[PDB]
RNA sequence: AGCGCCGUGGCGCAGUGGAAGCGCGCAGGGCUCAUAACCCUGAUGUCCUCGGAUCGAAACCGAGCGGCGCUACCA
Ligand SMILES: Nc1nc2c(ncn2[C@@H]2O[C@H](COP(=O)(O)OP(=O)(O)CP(=O)(O)O)[C@@H](O)[C@H]2O)c(=O)[nH]1
Ligand SMILES: [Mg+2]
Ligand SMILES: [Mg+2]
């Protein structure tokens, strides 16, 4: 099941967006 | 005011330090999760597979923190032959308040038994839940013997796929099928490229990954985004390792055996030879429990050719001077882990890639060496690892008599010659001697496109024995 | 040097001449490469590489080399080719560089 | 890490036990109506840094610095 994948990827995206506004 | 080293020493002392293993603990009462076993030795071997120029050593150091050498001044950047070694202690935070995903953490070898929680606001310690050994496998088309030997040694797997590159990677399928060969379903798929991947493109790549792994034996393999350069998404990896991977059956009644992948010569230059050390066999114990000062012998040993063309095999007798785990000197060996057995074997014997995948048996046990082996092999329909431009990916041919094929018998990489071909069985003649103990699942590779290509799995059913000369 | 000089016009304009600007089609350019047959390649200050003929009153009267600022007249019927009309001796070229009739990205200094 | 090699004036080299070297560069001058060729003269240092002997050290040696090559990543 890919359910644990989506939450972790969303957390990754949020971390990247917050820490790196240039991206 | 206090120096950071003093802070680390205070944490280490408060964390319990490194308790010394008892000289002779009650062996029948010990389990791979016991405190005397878990504090100083790993119990699960986790291998890493992936394409070249993808990043596995970076992922390994992100997870464990122990760097792979990537040595030889020419293999520093391109590829590695010998497998990498890493050690991570899995810790869990006892407090119910902190969220479960970040409760776990993989810490270095010298980390204390109960180190402080680095999360701000949580004054809790860490509980050592599991010790695992992280080993890097070479994902290169010619580097298959070492990769297959590692897969034999491995108990858990980690597949690395780059999202930004092509979704179907044939070397990833090669490694996955090689793992399926050797009865290993505990695979955690990990996406290396999540920083540079879009919202919908990542979803499409994950859908393609799910599409690819449908007909393979592995079905419920967890898939988790990770980062190798930012060094994030490691705690979830620890949680998945703890949960999805249970302890393989490995306990104390089985006979003691060793499978050596690498050999090291312990001789520091410059200093006078008066203070030197013997020879180190870097081997995993897939079965058995060892102690300090035991009597062992490498069954294949020295290979020699007489003037009459006869292959003589000398079992390398050796007294185990010591056994080295990741951190310090141990007194007993936990099965299912890579250990450096420093014995009276010659450092010259442990100089080159000599003791690469060789079986070692303690005195009182007789693994059997063979010259001609009666094998039972199963092939696949299509060759894996071939990049065809959209036309009927390479088709596997039936094996022909008198053909040199690379057979990895558990750990022994030998060039077998076909004597006869049957419906499911074959006769293999070995110039390099190889052993057989119980099963020793065998990986088959053929020379087709100028390099070894995996074709299927096989099992030994019989063999023509040779009696070693003492 | 040589006995050629006495046969010449003896046109001695050594004193500082008044530099001539660009007029409705005459434009500044830079010699990029020297070709044969008395023809040169001039990168004009418009992103184009025109082929400029070494021209009358200029053929064997002044000697020009690679990397020389130049004034060249175009031809409306054929834009690709043109004619070199005047040559600036590296002093008024500096003046045009400060005034910037040409993009200053073309920096050619000794 | 050890061992082999080395320490331009801009580059390649030489003697290193008696003190700034050659060639190739660069500047100026000379020959030529003119250029190249050729000839003449320089202006560039810590012959890597700290010490020992010595009228003398850069050499000879050692208490080190930095860069290359063989052992080869030397748990
Ligand atoms: N930008 C970026 N680079 C990554 C990422 N992961 C790995 N890399 C790059 O991988 C490169 C080398 O990693 P490494 O693990 O040593 O290579 P390897 O995969 O083991 C080679 P082989 O497959 O043959 O074993 C690093 O330089 C790193 O920049 C990533 O997530 N993002
Ligand atoms: Mg590696
Ligand atoms: Mg006159």
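Laboratory data are not the source of any read-out in this text; all were calculated from the coordinates shown. Cβ: placed from backbone, ideal geometry, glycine included. Neighbour counts: every protein chain shown.
What the table shows:
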read-out	value
Test item: B:223-232 mean partner chain Cβ contacts at 10 Å	4
Inter-chain Cβ neighbour average for residues A:3-10, partner chain, 10 Å	6
Neighbour-count ranking [beta-carbon atoms within 10 angstrom, fewest first] of B:27, B:12	B:27, B:12
Rel. contact order, % - alpha carbon contacts under 8 angstrom, at least six apart, chain B	14
Percent RCO, i.e. relative contact order, over segment B:188-230, from Cα pairs under 8 Å lying at least 6 residues apart	74
Values of log10 I(q)/I(0), in the order q = 0.22 Å⁻¹, for segment B:153-225 under a Debye, Cα-only, solvent-free model	-0.97
Highest average packing first - B:250-257, C:15-22, Cβ atoms within 10 Å	B:250-257, C:15-22
Residue mean of other protein chain beta carbons inside 10 Å, A:13-19	3
For segment B:114-138 versus segment B:304-344, the gap between their alpha-carbon centres in whole angstrom	32
Per-residue Cβ neighbour rank within 10 angstrom, fewest leading, C:63, B:457	C:63, B:457
B:134, B:71, B:290 arranged by Cβ crowding within 10 Å, fewest neighbours leading	B:71, B:290, B:134
